[PDB]
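**Q** I'd like to ask some things about the structure below.
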Amino acid sequence: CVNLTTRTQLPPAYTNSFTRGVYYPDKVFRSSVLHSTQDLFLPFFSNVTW
Amino acid sequence: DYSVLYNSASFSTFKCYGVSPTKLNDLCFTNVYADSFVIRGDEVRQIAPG
Amino acid sequence: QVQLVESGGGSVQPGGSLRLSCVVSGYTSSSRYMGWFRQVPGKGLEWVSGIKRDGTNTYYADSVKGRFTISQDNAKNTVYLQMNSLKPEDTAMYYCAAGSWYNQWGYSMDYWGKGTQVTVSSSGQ
Amino acid sequence: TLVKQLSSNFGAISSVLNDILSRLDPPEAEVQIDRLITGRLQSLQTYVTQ
Amino acid sequence: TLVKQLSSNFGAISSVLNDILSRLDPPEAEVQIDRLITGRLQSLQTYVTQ
Amino acid sequence: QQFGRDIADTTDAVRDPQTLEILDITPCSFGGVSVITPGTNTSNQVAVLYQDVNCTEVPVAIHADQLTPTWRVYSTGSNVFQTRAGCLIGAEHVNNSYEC
Amino acid sequence: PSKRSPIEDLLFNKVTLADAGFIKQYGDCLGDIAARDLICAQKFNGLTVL
């Protein structure tokens, strides 16, 4: 093991999430349909640390 | 402080009939009456509505 | 209308083991609560253990942790108390009571059984 | 009449939802709020039908 | 909407009746099934009235 | 993906767990049964309409719970006519048109 | 084939059964020629269209 110190500091940066972070909430197939689902998603146009 | 009494395990029966015991600490009552008497165990059933 | 039948008591050397069985008959059930209380001569009743019909937020007194185990069998309508590491004060009269432990309301100990005695002694009963 | 139907118990201990949440625990508070919800849906559906 | 109403619990443990009767004893399955029956009958009545 | 649900949240397809094949689920035939009767004061003969059932399915279900031997007499009638309104048994099709 | 006037043709090709519950597939069935032997009734949970 080792804990090589080698540490600096910098204020955090941020970037826009855009329309990303959406996943298939379940393993059910659906064809040509709009389905409404409540779940743990990434809000659109969110802050997103970098 | 009714919670001290409820959380004592020194009572064979502790049964409330219009209020859950856990909530007694959060309420304010108008008139409160304590009725005391001795019975036998096979008869402690009968001290209940109906 | 109801009966509770106790068995399995006796006497054992300190550090031994036992198992006390209480059979129930005469409840529509729904919310059965079977428990064991301990009567030390010269004192009153004390909680030992309690269990529901599958509810399983069991109870054990402060000084009784670890040694005792509670088990149930709804098919036979029976409950058992496994006794381990019998330290001398565990010599007392054990009684099984039945009632209902409701989450919202509370508990009542409606019925009591015949009971059986346990002797933690170096020379038996 | 739609407004005044909010005074009914519909079998619950209290027509007030806060009082019934401040006296009972989850397992029974739900049972009673269900009675209130059923009664109030029935009244509202009646209103909409006429 | 009439079809979607079949996916509602109406306060029962599950909207699927086979789940209720493969996960509980007859006496409690009866209560759960009664709740489902009441909900579905109300939905059907609403459909017919409209 | 394992199974599929169509609009209105009804299972419509399932993947076979042991061969990955996709199978459509179709509810097996059901439908109302209607009795065509000239009237008690005119006759006791009747005809039976199975409203949305193909005529190939009633004869293979002659042993249904509602079909006793007396029922099986009517169900096995030689006059089986498939219409867009279901299967009609006990009524003879004719090529001449009258008022309804 | 339909013995319908032009305006009637537009009327019947403009009120399209598509995107209306399950009746859309029933209409497509009724208009299916290549795929014969289609028992497209018996659609849903006890719901039938006469």
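Labels for the structure tokens follow display order: chains A, B, ..., residues from 1 in each chain, ligands from 1.
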Please give the root-mean-square deviation of the Cα atoms once chain D has been least-squares fitted onto chain E, pairing every Cα in order.

**A**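 Root-mean-square deviation of the C-alpha atoms: 0.3 Å.
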
**Q** I'd like the contact shell of segment 7-15 of chain D - 12 Å cut-off, only C-alpha atoms, skipping same-chain residues fewer than 6 positions apart - returned as a ChimeraX atom specification.

**A** /B:17-19 /D:1,21-24,28-43

**Q** Store the residues picked out above in a file with C-alpha atoms, as an mmCIF file, in the first residue's frame.

**A**
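out_18.cif written:
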data_model
loop_
_atom_site.group_PDB
_atom_site.id
_atom_site.type_symbol
_atom_site.label_atom_id
_atom_site.label_comp_id
_atom_site.auth_asym_id
_atom_site.auth_seq_id
_atom_site.Cartn_x
_atom_site.Cartn_y
_atom_site.Cartn_z
ATOM 1 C CA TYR B 17 -58.682 2.010 22.022
ATOM 2 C CA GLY B 18 -58.914 5.335 20.184
ATOM 3 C CA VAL B 19 -55.309 6.493 20.125
ATOM 4 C CA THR D 1 -73.667 20.131 -0.613
ATOM 5 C CA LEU D 21 -53.076 11.541 11.472
ATOM 6 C CA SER D 22 -52.177 12.928 14.913
ATOM 7 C CA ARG D 23 -53.828 10.149 16.934
ATOM 8 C CA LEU D 24 -53.263 6.888 15.057
ATOM 9 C CA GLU D 28 -54.580 2.286 11.238
ATOM 10 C CA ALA D 29 -54.241 5.843 9.958
ATOM 11 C CA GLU D 30 -54.190 4.343 6.472
ATOM 12 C CA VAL D 31 -57.280 2.240 7.194
ATOM 13 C CA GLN D 32 -59.198 5.349 8.239
ATOM 14 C CA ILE D 33 -57.892 7.689 5.542
ATOM 15 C CA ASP D 34 -59.094 5.032 3.111
ATOM 16 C CA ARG D 35 -62.651 5.398 4.403
ATOM 17 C CA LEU D 36 -62.443 9.168 4.055
ATOM 18 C CA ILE D 37 -61.033 8.890 0.525
ATOM 19 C CA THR D 38 -63.756 6.452 -0.513
ATOM 20 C CA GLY D 39 -66.529 8.670 0.813
ATOM 21 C CA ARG D 40 -65.115 11.815 -0.757
ATOM 22 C CA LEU D 41 -64.591 10.150 -4.141
ATOM 23 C CA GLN D 42 -68.186 8.941 -4.014
ATOM 24 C CA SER D 43 -69.461 12.441 -3.260
#

**Q** If we count only C-alpha atoms, which residues of chain F reach to within 12 Å of chain G? Please list them as a PDB file with C-alpha atoms, in the first residue's frame.

**A**
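File written: iface.pdb
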ATOM      1  CA  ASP F   6     -48.831  -3.087 -25.147  1.00  0.00           C
ATOM      2  CA  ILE F   7     -50.727   0.142 -24.609  1.00  0.00           C
ATOM      3  CA  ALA F   8     -53.144  -0.220 -21.676  1.00  0.00           C
ATOM      4  CA  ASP F   9     -50.406  -2.225 -19.900  1.00  0.00           C
ATOM      5  CA  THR F  10     -51.273  -5.759 -20.998  1.00  0.00           C
ATOM      6  CA  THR F  11     -48.697  -8.480 -21.577  1.00  0.00           C
ATOM      7  CA  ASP F  12     -48.553  -9.200 -25.298  1.00  0.00           C
ATOM      8  CA  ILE F  25     -49.751 -14.124 -26.123  1.00  0.00           C
ATOM      9  CA  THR F  26     -53.335 -14.089 -27.383  1.00  0.00           C
ATOM     10  CA  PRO F  27     -56.230 -14.623 -24.941  1.00  0.00           C
ATOM     11  CA  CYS F  28     -58.024 -17.794 -25.906  1.00  0.00           C
ATOM     12  CA  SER F  29     -61.476 -17.403 -27.323  1.00  0.00           C
ATOM     13  CA  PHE F  30     -64.267 -15.880 -25.251  1.00  0.00           C
ATOM     14  CA  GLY F  31     -67.581 -14.292 -26.115  1.00  0.00           C
ATOM     15  CA  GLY F  32     -71.196 -13.908 -25.190  1.00  0.00           C
ATOM     16  CA  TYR F  50     -71.471 -17.315 -30.163  1.00  0.00           C
ATOM     17  CA  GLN F  51     -70.771 -13.683 -30.690  1.00  0.00           C
ATOM     18  CA  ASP F  52     -67.086 -13.381 -31.617  1.00  0.00           C
ATOM     19  CA  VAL F  53     -65.993 -17.033 -31.797  1.00  0.00           C
ATOM     20  CA  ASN F  54     -64.874 -18.864 -34.911  1.00  0.00           C
ATOM     21  CA  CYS F  55     -66.950 -21.932 -35.722  1.00  0.00           C
ATOM     22  CA  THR F  56     -63.857 -24.143 -35.452  1.00  0.00           C
ATOM     23  CA  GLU F  57     -63.728 -23.543 -31.686  1.00  0.00           C
ATOM     24  CA  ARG F  84     -69.182 -11.557 -39.082  1.00  0.00           C
ATOM     25  CA  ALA F  85     -71.267 -11.441 -35.886  1.00  0.00           C
ATOM     26  CA  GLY F  86     -70.026 -14.861 -34.736  1.00  0.00           C
TER      27      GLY F  86
END

**Q** Could you tell me which residues of chain B sit within 9 Å of chain C when counting only C-alpha atoms, and give me the result as a list in words?

**A**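 Listed by rising number, the hits are residues 9, 10, 11, 12, 13, 14, 15, 16, 17, 18, 19, 20, 21, 22, 41, 42, 43, 44, 45 and 46 of chain B.
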
**Q** I need the contact residues of chain E against chain F, so if you could list those with any atom within 10 Å, counting only C-alpha atoms, and return them as a PyMOL selection string, that would help.

**A** chain E and resi 1-7

**Q** Could you pull out the strand (DSSP E or B) residues of chain F, going by DSSP on the backbone, and write them as number ranges by chain?

**A** F: 3-6, 10-15, 22-24, 33-36, 47-50, 80-83, 86-89

**Q** Using the selection just defined, write its residues with N, CA and C atoms as a PDB file, in the first residue's frame.

**A**
ATOM      1  N   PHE F   3     -40.177  -9.507 -21.623  1.00  0.00           N
ATOM      2  CA  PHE F   3     -41.539  -9.528 -22.128  1.00  0.00           C
ATOM      3  C   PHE F   3     -41.925  -8.131 -22.582  1.00  0.00           C
ATOM      4  N   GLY F   4     -43.038  -8.053 -23.295  1.00  0.00           N
ATOM      5  CA  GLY F   4     -43.548  -6.791 -23.805  1.00  0.00           C
ATOM      6  C   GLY F   4     -44.967  -6.547 -23.336  1.00  0.00           C
ATOM      7  N   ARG F   5     -45.263  -5.295 -23.005  1.00  0.00           N
ATOM      8  CA  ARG F   5     -46.605  -4.867 -22.647  1.00  0.00           C
ATOM      9  C   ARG F   5     -47.069  -3.823 -23.648  1.00  0.00           C
ATOM     10  N   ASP F   6     -48.263  -4.022 -24.192  1.00  0.00           N
ATOM     11  CA  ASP F   6     -48.831  -3.087 -25.147  1.00  0.00           C
ATOM     12  C   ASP F   6     -49.497  -1.929 -24.416  1.00  0.00           C
ATOM     13  N   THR F  10     -50.893  -4.356 -20.927  1.00  0.00           N
ATOM     14  CA  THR F  10     -51.273  -5.759 -20.998  1.00  0.00           C
ATOM     15  C   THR F  10     -50.136  -6.533 -21.641  1.00  0.00           C
ATOM     16  N   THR F  11     -49.748  -7.643 -21.018  1.00  0.00           N
ATOM     17  CA  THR F  11     -48.697  -8.480 -21.577  1.00  0.00           C
ATOM     18  C   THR F  11     -49.119  -8.995 -22.944  1.00  0.00           C
ATOM     19  N   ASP F  12     -48.223  -8.873 -23.920  1.00  0.00           N
ATOM     20  CA  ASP F  12     -48.553  -9.200 -25.298  1.00  0.00           C
ATOM     21  C   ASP F  12     -47.513 -10.137 -25.894  1.00  0.00           C
ATOM     22  N   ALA F  13     -46.288 -10.098 -25.380  1.00  0.00           N
ATOM     23  CA  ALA F  13     -45.231 -10.959 -25.882  1.00  0.00           C
ATOM     24  C   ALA F  13     -44.308 -11.340 -24.737  1.00  0.00           C
ATOM     25  N   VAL F  14     -43.675 -12.503 -24.869  1.00  0.00           N
ATOM     26  CA  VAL F  14     -42.733 -12.998 -23.873  1.00  0.00           C
ATOM     27  C   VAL F  14     -41.591 -13.708 -24.583  1.00  0.00           C
ATOM     28  N   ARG F  15     -40.378 -13.523 -24.074  1.00  0.00           N
ATOM     29  CA  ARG F  15     -39.207 -14.221 -24.585  1.00  0.00           C
ATOM     30  C   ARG F  15     -39.071 -15.545 -23.852  1.00  0.00           C
ATOM     31  N   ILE F  22     -39.365 -15.418 -29.273  1.00  0.00           N
ATOM     32  CA  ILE F  22     -40.360 -14.429 -28.878  1.00  0.00           C
ATOM     33  C   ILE F  22     -41.732 -14.976 -29.235  1.00  0.00           C
ATOM     34  N   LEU F  23     -42.622 -15.035 -28.250  1.00  0.00           N
ATOM     35  CA  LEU F  23     -43.940 -15.627 -28.406  1.00  0.00           C
ATOM     36  C   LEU F  23     -45.002 -14.585 -28.100  1.00  0.00           C
ATOM     37  N   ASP F  24     -45.926 -14.400 -29.037  1.00  0.00           N
ATOM     38  CA  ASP F  24     -47.099 -13.581 -28.790  1.00  0.00           C
ATOM     39  C   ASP F  24     -48.115 -14.339 -27.948  1.00  0.00           C
ATOM     40  N   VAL F  33     -73.014 -15.460 -25.446  1.00  0.00           N
ATOM     41  CA  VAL F  33     -73.879 -16.426 -26.107  1.00  0.00           C
ATOM     42  C   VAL F  33     -75.290 -15.864 -26.097  1.00  0.00           C
ATOM     43  N   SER F  34     -75.904 -15.795 -27.272  1.00  0.00           N
ATOM     44  CA  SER F  34     -77.227 -15.210 -27.426  1.00  0.00           C
ATOM     45  C   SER F  34     -78.186 -16.242 -27.997  1.00  0.00           C
ATOM     46  N   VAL F  35     -79.405 -16.259 -27.471  1.00  0.00           N
ATOM     47  CA  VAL F  35     -80.427 -17.211 -27.880  1.00  0.00           C
ATOM     48  C   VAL F  35     -81.417 -16.491 -28.782  1.00  0.00           C
ATOM     49  N   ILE F  36     -81.573 -16.994 -30.000  1.00  0.00           N
ATOM     50  CA  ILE F  36     -82.557 -16.504 -30.953  1.00  0.00           C
ATOM     51  C   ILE F  36     -83.787 -17.388 -30.824  1.00  0.00           C
ATOM     52  N   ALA F  47     -82.112 -20.963 -31.691  1.00  0.00           N
ATOM     53  CA  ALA F  47     -80.786 -20.971 -32.289  1.00  0.00           C
ATOM     54  C   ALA F  47     -79.831 -20.253 -31.349  1.00  0.00           C
ATOM     55  N   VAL F  48     -78.536 -20.510 -31.506  1.00  0.00           N
ATOM     56  CA  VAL F  48     -77.536 -20.009 -30.574  1.00  0.00           C
ATOM     57  C   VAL F  48     -76.441 -19.302 -31.354  1.00  0.00           C
ATOM     58  N   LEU F  49     -76.072 -18.108 -30.898  1.00  0.00           N
ATOM     59  CA  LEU F  49     -75.023 -17.306 -31.508  1.00  0.00           C
ATOM     60  C   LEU F  49     -73.890 -17.142 -30.509  1.00  0.00           C
ATOM     61  N   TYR F  50     -72.696 -17.557 -30.909  1.00  0.00           N
ATOM     62  CA  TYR F  50     -71.471 -17.315 -30.163  1.00  0.00           C
ATOM     63  C   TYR F  50     -70.809 -16.103 -30.801  1.00  0.00           C
ATOM     64  N   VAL F  80     -74.225 -25.074 -39.057  1.00  0.00           N
ATOM     65  CA  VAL F  80     -73.240 -24.174 -38.470  1.00  0.00           C
ATOM     66  C   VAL F  80     -72.891 -23.139 -39.527  1.00  0.00           C
ATOM     67  N   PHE F  81     -73.125 -21.865 -39.213  1.00  0.00           N
ATOM     68  CA  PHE F  81     -72.981 -20.782 -40.176  1.00  0.00           C
ATOM     69  C   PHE F  81     -72.101 -19.704 -39.564  1.00  0.00           C
ATOM     70  N   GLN F  82     -71.009 -19.373 -40.243  1.00  0.00           N
ATOM     71  CA  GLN F  82     -70.062 -18.381 -39.757  1.00  0.00           C
ATOM     72  C   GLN F  82     -70.418 -17.021 -40.343  1.00  0.00           C
ATOM     73  N   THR F  83     -70.793 -16.083 -39.481  1.00  0.00           N
ATOM     74  CA  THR F  83     -71.103 -14.720 -39.859  1.00  0.00           C
ATOM     75  C   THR F  83     -70.116 -13.780 -39.183  1.00  0.00           C
ATOM     76  N   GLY F  86     -70.367 -13.692 -35.512  1.00  0.00           N
ATOM     77  CA  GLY F  86     -70.026 -14.861 -34.736  1.00  0.00           C
ATOM     78  C   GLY F  86     -70.480 -16.126 -35.423  1.00  0.00           C
ATOM     79  N   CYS F  87     -70.538 -17.203 -34.655  1.00  0.00           N
ATOM     80  CA  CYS F  87     -70.971 -18.499 -35.157  1.00  0.00           C
ATOM     81  C   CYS F  87     -72.413 -18.744 -34.745  1.00  0.00           C
ATOM     82  N   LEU F  88     -73.264 -19.049 -35.718  1.00  0.00           N
ATOM     83  CA  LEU F  88     -74.683 -19.273 -35.482  1.00  0.00           C
ATOM     84  C   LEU F  88     -74.985 -20.741 -35.742  1.00  0.00           C
ATOM     85  N   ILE F  89     -75.547 -21.415 -34.744  1.00  0.00           N
ATOM     86  CA  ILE F  89     -75.869 -22.832 -34.825  1.00  0.00           C
ATOM     87  C   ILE F  89     -77.355 -23.000 -34.560  1.00  0.00           C
TER      88      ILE F  89
END
